[PDB]
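In: Here is the input, now give the coordinates:
(2 chains)
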Amino acid sequence: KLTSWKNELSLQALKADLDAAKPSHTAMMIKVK
Amino acid sequence: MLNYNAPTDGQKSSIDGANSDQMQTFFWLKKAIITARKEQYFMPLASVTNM
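Out: Residues are numbered from 1 along each chain as shown, chains lettered A, B, ... in the order given. There you are, the coordinates:
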């Protein structure tokens, strides 16, 4: 546990957010391409 | 001797006549019972390619 916060994020939450936000960004980059 | 008897099961109340019966015989909460969604494990894996 890196910090002293009562509720810490942990890496799984951040990776889940990344995987959840990926689908819209992937659909967007096709247009720029 | 006015008795409540049992409105349901046909034994009418003492006060009630020959053409009537009790208007309300139960209480209804109005708060229903529902079931939540089944959890998904395979969908979070996939990455979409919206051509």
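
In: helix/strand/coil for the residue of chain A found nearest chain B?
Out: Closest approach between chain A and chain B, counting by C-beta to the nearest C-beta: residue A:27, at 3.7 Å. For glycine as for every other residue, the C-beta is placed from the backbone atoms N, C-alpha and C. Recorded secondary structure, residue A:27: helix (DSSP: H, G, I helix; E, B strand; the rest coil).

In: Who are the contact partners of it?
Out: Contacts for residue A:27 (C-beta atoms under 8 Å, 6 or more residues apart in numbering or on different chains) come out as B:48-50.

In: Which single one of those residues is nearest to residue B:32?
Out: residue B:48 (35.1 Å; C-beta to C-beta).

In: can you pull the contacts of the closest residue to that closest one other than its chain neighbours?
Out: In this structure, residue B:48 finds its nearest non-sequential neighbour in residue A:23, 4.5 Å apart by C-beta to C-beta, 6 or more residues apart in numbering or on different chains. By C-beta under 8 Å, 6+ apart, the contact list for residue A:23 reads B:47-48, B:50.

In: So which of those is the closest to residue B:8?
Out: Nearest member of the contacts of residue A:23 to residue B:8, counting by C-beta to C-beta, is residue B:48, at 57.4 Å.
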